[PDB]
C-alpha cells in the first residue's frame, strides 16, 4: 500500500524509463504527475504530454487510475484524457510497476488499436493514415508544445 507506492517512486528514480517520468504532487503520495515525450515512431513527435496518476486505496490489487492532462489526438484517448490500455483494466496484475504502465502508453502512442477505440470518429479515420497523421501532428503543435 503506502510502502508499495514508496518503493515504486524509489524504483522509478533508480533506473527510469525513456521519454517519460513521474512523481508525487505536493505531500500526497497517491497523486503523481507524469511526463510523456512524443515517440518518434508516432505523429506526436516533439510533443510533451502530462498525465495524472491516482493510486486507489485498493492498489496494488487494483490498478492505478491514469489520465492525460494535456490534450492529445488518439483513437484510444478521450477528451476526458481517459486511456484505453487494457493492463489498466482487465489485464492489470499486482507486480506491474508504474514504469511499465508508462512504457505501455508510449507503446500505445506509437501503435493504437482501432478495433477497440475510445473515439469512434478517429477509429474510422485511422483504419486513412494521411489524414490521421496530419491532425495528430497539428494537435501536438497547439497543445503539447
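Residue numbers count along the first chain shown, from 1.
In terms of unmodelled positions of the deposited sequence, the stretch from residue 127 to residue 128 in this entry skips 1 to 3 residues. The question of which stretch, 37-45 or 84-92, has the higher mean Cα B factor is settled in favour of 37-45. Here 113-121 and 26-34 are compared by their mean Cα B-factor, and 113-121 comes out higher. Remark: residue 3 belongs to the middle third of its chain, ranked by C-alpha B-factor as recorded.
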